[PDB]
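Coordinate inspection notes
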Amino acid sequence: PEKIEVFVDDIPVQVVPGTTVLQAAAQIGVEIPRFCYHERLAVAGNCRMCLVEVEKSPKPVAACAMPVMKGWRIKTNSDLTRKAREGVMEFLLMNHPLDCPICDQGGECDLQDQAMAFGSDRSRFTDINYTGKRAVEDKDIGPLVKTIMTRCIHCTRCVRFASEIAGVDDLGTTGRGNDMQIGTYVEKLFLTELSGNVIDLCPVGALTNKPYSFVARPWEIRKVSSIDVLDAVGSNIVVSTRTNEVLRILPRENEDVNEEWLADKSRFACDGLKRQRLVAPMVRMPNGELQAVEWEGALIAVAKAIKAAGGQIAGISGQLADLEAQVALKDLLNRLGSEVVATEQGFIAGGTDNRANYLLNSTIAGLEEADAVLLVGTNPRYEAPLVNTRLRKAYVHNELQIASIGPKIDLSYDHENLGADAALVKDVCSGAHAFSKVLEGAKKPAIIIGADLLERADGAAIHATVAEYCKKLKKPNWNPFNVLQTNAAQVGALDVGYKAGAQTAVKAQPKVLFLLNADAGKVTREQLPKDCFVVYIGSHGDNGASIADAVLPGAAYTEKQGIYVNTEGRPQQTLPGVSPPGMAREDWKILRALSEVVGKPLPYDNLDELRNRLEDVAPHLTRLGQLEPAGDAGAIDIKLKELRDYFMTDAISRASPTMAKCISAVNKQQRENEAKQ
Amino acid sequence: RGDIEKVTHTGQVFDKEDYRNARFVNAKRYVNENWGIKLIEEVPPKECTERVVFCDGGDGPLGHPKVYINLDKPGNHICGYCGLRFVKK
Amino acid sequence: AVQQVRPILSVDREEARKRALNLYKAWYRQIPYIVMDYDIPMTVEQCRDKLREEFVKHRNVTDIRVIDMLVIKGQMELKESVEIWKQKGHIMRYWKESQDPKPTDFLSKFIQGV
Amino acid sequence: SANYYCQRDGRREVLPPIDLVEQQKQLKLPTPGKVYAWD
Amino acid sequence: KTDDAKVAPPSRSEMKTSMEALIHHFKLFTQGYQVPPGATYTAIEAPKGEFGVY
Amino acid sequence: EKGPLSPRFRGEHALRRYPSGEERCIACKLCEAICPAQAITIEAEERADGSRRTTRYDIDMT
Amino acid sequence: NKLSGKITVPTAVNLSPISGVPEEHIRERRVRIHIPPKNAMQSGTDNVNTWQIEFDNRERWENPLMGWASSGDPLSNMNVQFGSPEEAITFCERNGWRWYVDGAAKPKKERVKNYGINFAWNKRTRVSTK
Amino acid sequence: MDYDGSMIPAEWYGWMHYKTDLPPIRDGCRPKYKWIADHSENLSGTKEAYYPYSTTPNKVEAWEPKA
Amino acid sequence: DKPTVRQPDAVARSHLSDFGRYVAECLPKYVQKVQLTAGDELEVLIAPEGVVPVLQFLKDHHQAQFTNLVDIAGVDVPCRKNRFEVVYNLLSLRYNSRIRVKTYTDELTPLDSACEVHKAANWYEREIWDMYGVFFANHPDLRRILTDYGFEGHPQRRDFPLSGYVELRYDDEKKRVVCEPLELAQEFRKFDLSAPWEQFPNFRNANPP
Ligand code: SF4
Ligand code: SF4
Ligand code: SF4
Ligand code: FES
Ligand SMILES: [Zn+2]
């Protein structure tokens, strides 16, 4: 398709035909002011701020939605454009209220910025003295999104986002004329895993974070690039620190993975990093109370127990442990002579060796390219919401055939439910069902199996057959087999060489135990050997931490620099934005100190020494930001099938106050459905 | 002394065993006696007829910027700036 | 990876040493005067010892140009000590006696914070 | 009225520096200015 | 005062009523005003002499 | 005897209150953003009434 | 036999000693060459066209007296801009720092972004509302 | 003989500086609100002296072993 | 009809413009470029070697007679391979006009000295040497001016922390003032004042490589 030649501002430009004027102007470099246009939303002409003049224009055209045509001449900065822009902003600023100082988007508001650049500087609106402005009742929409609609400019970003990206469909417009409002005609709660993203979409401060309300201004605050850790998507984050306080979280545009959206859990659970925190080493007395002690006694006491326990030790890594903590943990236990190093979330026995057996080989970006997707009892909407919306983008732009072989769930879009019984996956893998024919006929089939199922029971057979069928489904440059990992450390464990299954470590019968912030109930001292001495090296004092005889504080993920391998497999680096509290240290530093206290020092006294020890173990694993290919790959009832299940998953999640409010609010709206009836 | 006992309206009292108490062994811990929360509570909620009213809080250019507050909802409506309260009924 | 560039003073590494050692002469010869002039604790042997270590401070300098500048700095500081523009505080600065050598081994770092 | 900012603004009016030789390429001994008898 | 409210701050009276006066008050005091790129010299007959800022 | 000054004299700082007695400050944080010496520090939250108000508001007259 | 005393010297000249930075910072601190992140709730993108370098966070505690954010770490705010990463790496070496680039992003892949797809007869992409 | 510069009260301060030509006895247009305190000297070097202190309740909550 | 917008002296632009070409075609080997900044001043961009010849040419030739050398303003700009830029802003009383000469240099190569041309510059070279470290060749005495004795580093560079690396106090053990590593009561809070929206189109593509 030959590219057209068009003189954007007296500069020849190349555009594939059908390109919009705006999309061409950015190509060359000029930017047109927009309000209702966004890269990842349907096109509409609402603001009329993107207007621009083309030579011999009877009518200025909206660049945002104007396909370019041969031999045009777009006069971006010609006076007619300037006349248009000023008039449009005089209009927008008529009856926007005088609420910048109390509006949380102050100093971050596109209306302010575009008023500065492209608007006038005098108020022709004289009617403030006669009849004033308009006003609109605010809406109740949830415990997360504070709504002040009297500032809205009806850009419909919220309308379009909800309808398409999240498919909630419950937020819309009403009325004619200047009294047109936005919201829900009757009071409801906009409850949705992706609901946070509307706060970033609303160009004006009509929708804003309830928790991060009034707390700080953008000019004061400081930005730190980082990566989300609460979900195995590993989305890129910009942690918004100000003076040793993580005020909020924002998505960092990494369209290969992050997609620029962000789930509610990652967005809002940041408060969890300020409550139930461990700020002092503790050791369990004969009274048993775990009084506070100092680092000297603590590690010395721990080194005492390890030496005299009798060389029967285990380490069970949690789910928020960075790969450095795993490697430091493993190396120390190899000095001690114990290879019992399990991970909480179990996995396939005897298939953990080929890299592609525990990843998303389908290139999460490529998921949107998928054509026929088969989700065997693997609810993405609450297991990987960012992955879920990628699928919906496919479902909307490429006719994605989405079947299900699990229990009932709702994916925000139609999906064919073939049953639940695990015998269905076998018949499909043989290719004896109608959707199997669809899979055959497709060009980008995908088969997604949730890691929970792979650890459920006797599921290694299920995986083996699934890999067996993927052999035929393989199309060049495309590996169908997909595994939505859940914890952000599981893939880290596999690349260092752990075992899988906390019960595995218990079955070893160790005299001492190590727990990298492992706050899952999968291990209980009752279920442990009675004499088993228990050491916990995690940040939040959660219940799993409650059952240890020694409790070493740790700095949470935002506070520590670590490496996390995301689901698909790229390794990514957190950066520390906040000084840790109390005596908290880095996890890989706690282990290193303990080794040298025992008398079996590790070789890595610095992060780089450790990062080179990982380089030894996996050169692929230190090529940050890249993804080495792995090639060939090798009833059903699941959790997180409702939002109520989703909000309370991890220790940080339970720690957060806002999430607890969210759970209560959803329960109450359900009760309203029962009783308001 | 009561000076180092009072609860600042912001909500702080030095813990009874907290070394930062020491700084007041010889100086007063000023705490203000007017708490805005109580005062605005006392002020009664003004009422009007029109669906939409306007507040500047103070007077003329001696108050906060003019703001329009709709009253169609049943409840009260608090001025964002001054905390004045409006009710149409 | 070479660049055909201007000189500053010294055209060859040996001229650089010639200049560098000239400075070492002035500083060695000066030390006794400063012990007298500046009423500070330091004694001649210690001042001489520091002068040795402070040249050793940068032994593996390689570029002709860089070593030229280091000498330019020294000739300046020489004159500022030769004449008494400096002060007893300024001259002692080379010892850094206000701060105790901070912990270095991992436990002392670990037990004393980042 | 007739008070548009676009047609009275200065900051959007200023240009980058021009290259005089290239100015000529587009196309009384000269003196910087009126001689002053600073004498 | 120069008429350009994008350059010098607006008056309080206009600020508390009109909208873009408030925006301009807001942006000028927080971000200031972009100055077009360039270098310039100036001098003044200050009492000590020609005081200048480059 | 003493003086004279003018009404604009710039001296001791003070945080005023509305005619009702309510705090005028709303934590808009412009004062900090402009303060040439960066002598102002502010931290604001929601009082239980839901109003945008300061918690800490500090000035260093050194 | 000279061009005003010109000399042949390697292009890469380490300048750590002449610089004046204490060796403590030079030997314990890295640099994070990158492009500044794009603000999430903005849409103009003319402040992320430059390559930026800074130094890793060290520490921040609070002043016991007044509860400020005390910090005894000098290169905390330090921040410099460049036009291209290779320029910055060249600079960073010449000042003898340890650094590790952070690849910004691949060129944006064209998105069709048609208007007609909003209204289609068969495709799922029909808009629910306007 | 302990006169001080701060003994002047608020309502008279302006007149005393030639800052207002309206004696407080004459202009009753100034505010007469309730919360207004009464005057005070530069209470310094004495037990009545001000002394600063943090005005933010603590940031991060510690985990409680008992609960 | 725009009272806000000033109107420069056009005739002054005329004279400076033609004169600028005069300088360019009279010193071909040195003058790299001559431009007329919109602020009506005239800039003369030379190569580092011609510093003295340009200055000597200006102060002496009839048509220039730029006698006073107002200052030596130093500019630092990383991302320019030889970054440290220098500006020689001159005056001419005979013709009542101002001119600016500019040159570049790196942190390593030395630079010509104006001490032999204008006695006025002597202190300025000392000032830039102290403030950036730009050596000057043939300068009589390159002693530091502003910074205190035994100060390491040149602060006006943009790769130097604002508050410096060390700070002083007083010791009782030693009856003397000691320099210590930095320690700040309240860390200097930057503010990120970056424009998201390009407020100036005219400079966008202009001056491209
Ligand atoms: S959205 Fe907020 S910041 Fe923007 S103009 Fe409106 S009140 Fe001001
Ligand atoms: S609420 Fe926000 S996103 Fe929705 S139309 Fe109004 S301004 Fe746009
Ligand atoms: S934060 Fe500062 S500028 Fe804003 S209202 Fe309060 S005192 Fe005034
Ligand atoms: S961006 Fe084109 S009308 Fe809104
Ligand atoms: Zn009000």
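Counting starts from 1 on each chain and follows the sequence as written, independent of the entry's numbering; residues without coordinates are not shown. Note on labels: chains are lettered from A, ligands numbered from 1, in written order. All values in this entry refer to the displayed chains, which constitute part of a larger assembly. Side-chain calculation: all heavy atoms of the structure are included, whereas hydrogens and water are not.

- Method information in the entry identifies cryo-EM as the source of the structure, with 3.68 Å recorded as the resolution.

Thoughts on the overall build of chain I
- In terms of helices and strands, chain I carries three helices and seven strands.
- Reading chain I from its N terminus to its C terminus gives the helix and strand order α-β-β-α-β-β-β-α-β-β.
- Between the two quantities, the radius of gyration covers C-alpha atoms and the globule rule is 2.2 Å times the number of residues to the power 0.38. Relative to its length of 209 residues, chain I is extended, with a C-alpha radius of gyration of 21 Å against a globular reference of 17 Å.
- Dimensions of chain I along its principal axes, counting C-alpha atoms only, are 70 × 50 × 35 Å.
- Only protein chains enter the area calculation, which uses a 1.4 Å probe; residues under 20% of their type maximum are buried, those over 50% are exposed, and those in between are partly exposed. Taken across its 209 residues, chain I has 50% of its residues classed as buried.
- Two residues form a contact once any of their heavy atoms are found within 4.5 Å. Counting only contacts in chain I whose residues sit at least 6 apart along the sequence, the fraction spanning at least 24 positions is 45%.
- Here the open area of atoms and residues is found with the Shrake-Rupley method and a 1.4 Å probe, where only the protein chains shown may cover a residue. As displayed, chain I has an accessible area near 10000 Å², and 51% of this comes from carbon and sulfur atoms.
- Charge assignment in this entry is limited to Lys and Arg as positive and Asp and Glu as negative, and neither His nor the chain termini are counted. A single reference atom marks each charge: NZ on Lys, CZ on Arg, CG on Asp, CD on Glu. Charge centroids of chain I, computed over 27 positive and 32 negative side chains, lie 3 Å from each other. In DSSP terms, a helix is any run of H or I states spanning at least four residues, a strand is any run of E spanning at least two, and both are numbered starting from the N terminus.

A look at the site of ligand 1
- We call a residue near a molecule or strand when any one of its heavy atoms sits within 4 Å of it. Every residue close to ligand 1 is listed here: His96(A), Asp99(A), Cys100(A), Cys103(A), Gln105(A), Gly106(A), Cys109(A), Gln112(A), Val204(A), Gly205(A) and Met19(E).
- Neighbouring residues of ligand 1 are distributed over chains A and E.
- Classes in brief: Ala, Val, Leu, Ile, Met, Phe, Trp, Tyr, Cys and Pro nonpolar; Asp, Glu, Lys and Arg charged; the others, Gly included, polar. Residue composition of the shell around ligand 1, by class: five nonpolar, five polar and one charged.

Remarks on the interface of chain D and chain I
- Counting residues at the interface gives 27 residues for chain D and 32 residues for chain I.
- Buried area, as used here, totals the accessible surface that two parts lose on assembly, with accessibility defined by a 1.4 Å probe and the loss added over both. When the two sides are added together, the surface that chain D and chain I hide from each other amounts to roughly 2600 Å², 61% of it contributed by carbon and sulfur.
- By the criterion of area lost to chain I, the three top residues of chain D are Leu20(D), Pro30(D) and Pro32(D), representing 26% of everything that side buries.
- The working definition used for a salt bridge is a side-chain nitrogen of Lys or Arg within 4 Å of a carboxyl oxygen of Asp or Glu. Viewed at the interface, chain I and chain D are joined by one salt bridge.
- The partner of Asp19(D) in a salt bridge is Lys33(I), and the shortest N-O contact between them spans 3.7 Å.
- In the analysis that follows, any N or O atom pair within 3.5 Å is treated as a polar contact, provided that within protein one partner can donate a hydrogen and the other can accept it, and provided that, for residues neighboring in sequence, both atoms belong to side chains. Summed over the shared surface of chain D and chain I, the result is seven residue pairs in polar contact.
- When residues of the side of chain D that touches chain I are traced back to their parent elements, those giving at least two are β1 (18-19) and α1 (20-26) of chain D.
- For the side of chain D that touches chain I, the residue count by class is 14 nonpolar, five polar and eight charged.
- Only strands joined by at least two bridges in the DSSP assignment are considered to pair. When β1(D) meets strand β1 (residues 31-36) of chain I, the two strands line up antiparallel, connected through two bridges. What sits directly across from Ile18(D), in β1(I), is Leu36(I).

Observations regarding the site of ligand 2
- Within the structure, ligand 2 sits among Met149(A), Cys152(A), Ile153(A), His154(A), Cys155(A), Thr156(A), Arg157(A), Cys158(A), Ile182(A), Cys202(A) and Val204(A).
- The class makeup of the residues in the shell around ligand 2 is eight nonpolar, two polar and one charged.

Regarding the interface of chain F and chain B
- Listed by partner, the interface residues are twelve residues for chain F and 18 residues for chain B.
- Contact between chain F and chain B buries roughly 1100 Å² in total, counting both sides, with carbon and sulfur atoms accounting for 54%.
- Taken together, the links from chain F to chain B amount to zero salt bridges.
- Taken together, the connections running from chain F to chain B amount to four residue pairs in polar contact.
- Split into classes, the residues belonging to the side of chain F that touches chain B amount to two nonpolar, three polar and seven charged.

Re helix α4 (residues 157-166) of chain A
All names here are of chain A.
- For α4, the buried fraction is high: ten of the ten residues fall into the buried class.
- All buried positions along α4 are accounted for by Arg-157, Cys-158, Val-159, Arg-160, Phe-161, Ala-162, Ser-163, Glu-164, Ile-165 and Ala-166.
- Taken together, the buried residues of α4 touch β7 (172-174), β8 (181-183), α5 (197-201), β9 (207-209) and α11 (385-397).
- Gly-167 sits one or two residues past α4 and shows a positive phi near 65 degrees.

Section: the sheet that holds strand β21 (residues 481-484) of chain A
Residues and elements named next belong to chain A.
- Reading across the sheet, the five strands line up as β19-β18-β17-β20-β21 and stay open at both edges, with parallel pairing between neighbours. The open sheet has two edge strands with one neighbour each: β19 (416-417) and β21.
- Relative to strand β20 (residues 445-450), strand β17 (residues 372-376) runs parallel, the two sharing five bridges. Across the sheet, the residue bridging to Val-376 is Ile-449, located in β20.

A few points about the coordination of the zinc ion (ligand 5)
All names here are of chain B.
- Ligating atoms shown are N, O and S within 2.8 Å of the metal, or 3.2 Å for Na, K and Ca, and water is not included, meaning a site may look less than complete. Protein coordination at the zinc ion (ligand 5): the donors are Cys-55 (SG), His-64 (NE2), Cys-79 (SG) and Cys-82 (SG), at 2.0 to 2.3 Å from the metal.
- One can describe the site at the zinc ion (ligand 5) as tetrahedral: its four donor atoms subtend angles covering 100 to 122 degrees at the metal.
- Read from N- to C-terminus, the donor residues coordinating the zinc ion (ligand 5) fall into the pattern C-x8-H-x14-C-x2-C. Here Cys-55, found in strand β2 (residues 52-55), pairs with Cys-82, found in the loop between β4 (77-78) and β5 (85-87); they are 27 residues apart in sequence, far enough to count as distant. A single burial state applies to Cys-55 and to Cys-82, both of which are buried. Geometry is assigned from the angles between donors: four donors with all angles from 85 to 135 degrees make a tetrahedral site, four or six donors whose opposite pairs exceed 155 degrees while the rest stay between 65 and 115 make square planar or octahedral sites respectively, and everything else is labelled irregular.

Re the environment of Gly450(A)
Residues and elements named next belong to chain A.
- Among the secondary structure elements, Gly-450 is positioned in strand β20.
- Accessibility expressed as a relative area gives 1% for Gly-450, which makes it buried.
- Expressed as a C-alpha distance, the spacing of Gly-450 and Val-376, which sit 74 residues apart in the sequence, is 7.3 Å.
- Leaving out residues up to four positions away in the same chain, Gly-450 has contacts with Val-376 and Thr-378.

Brief notes about unusual backbone geometry
- A cis amide bond links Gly3(F) with the next residue in sequence, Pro4(F), at an omega value of 0 degrees.
- If you trace the backbone, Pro4(F) turns up in the segment before α1 (30-34).
- One non-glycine residue, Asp9(A), adopts positive backbone phi at about 60 degrees.
- Summarising the element assignment, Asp9(A) is placed in the loop between β1 (4-8) and β2 (12-15).
- Residue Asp9(A) is classed as partly exposed on the basis of its relative accessible area of 30%.

Notes on the pairing of strand β3 (residues 51-54) of chain G
Residues and elements named next belong to chain G.
- Burial along β3 is two-sided: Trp-51 and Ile-53 facing one way and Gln-52 and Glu-54 facing the other are all buried.
- Sheet topology places β3 next to strand β4 (residues 79-82); four bridges connect them, and they run antiparallel. Pairing of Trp-51 across the sheet is with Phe-82, part of β4.

A closer look at the UniProt feature "binding site: Zn(2+)" (unreviewed entry) in chain B
- The positions that UniProt labels "binding site: Zn(2+)" (unreviewed entry) are, in the present scheme, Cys55(B), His64(B), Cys79(B) and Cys82(B). Spanning 28 residues, the named residues nonetheless gather at one spot, since no C-alpha pair among them exceeds 10.3 Å.
- Examined against the element boundaries, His64(B) turns out to sit in the loop between β2 and β3 (67-70).
- Dropping the residues within four chain positions of it, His64(B) is found in contact with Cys55(B), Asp56(B), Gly57(B), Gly58(B), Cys79(B), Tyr81(B), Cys82(B) and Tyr18(F). UniProt positions are given in the numbering used here, feature names are shortened, and annotations may be inferred rather than shown by experiment.

So, the arrangement of the chains
- Summarising the chain contacts, 23 pairs of chains touch, and the pair with the most contacts is chains D and I.
- Spatially, chain C and chain H are disjoint, and the shortest separation between their C-alpha atoms is 19 Å.

Some points on the packing of aromatic side chains
- Note on aromatic pairs: the rings of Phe, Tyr and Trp (six-membered ring only in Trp) are paired at centre separations within 6.5 Å, and the planes decide the class, stacked below 30 degrees, edge-to-face beyond 60, tilted for the rest. The final tally for this structure, using the stated rule, is 24 aromatic pairs over all chains.
- Relative to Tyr53(H), the ring of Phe24(B) has its centre 5.6 Å away and its plane inclined at 80 degrees; by these criteria the two rings are edge-to-face. In this pair, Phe24(B) sits in the segment before α1 (36-42) while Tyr53(H) sits in the segment after α1 (10-16), so the two residues belong to two different chains. Just as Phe24(B) is buried, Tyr53(H) falls in that class too.
- Measuring from centroid to centroid gives 5.9 Å for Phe54(B) and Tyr68(B), while their planes differ by 40 degrees, and the two rings are tilted. Residue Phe54(B) is located in strand β2, and its partner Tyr68(B) is located in strand β3; the two are separated by 14 residues in the primary sequence.
- A relative accessible area of 46% places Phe54(B) in the partly exposed class.
- Taken together, the ring pairs in this structure connect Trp295(A), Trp588(A), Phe106(C) and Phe110(C) into an aromatic cluster.
- In this scheme, the term charge over a ring applies when either NZ of a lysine or CZ of an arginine sits within 6 Å of the ring centre and within 35 degrees of the ring normal. Sitting above the plane of the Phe110(C) ring, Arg585(A) keeps its charged end 5.2 Å from the centroid.

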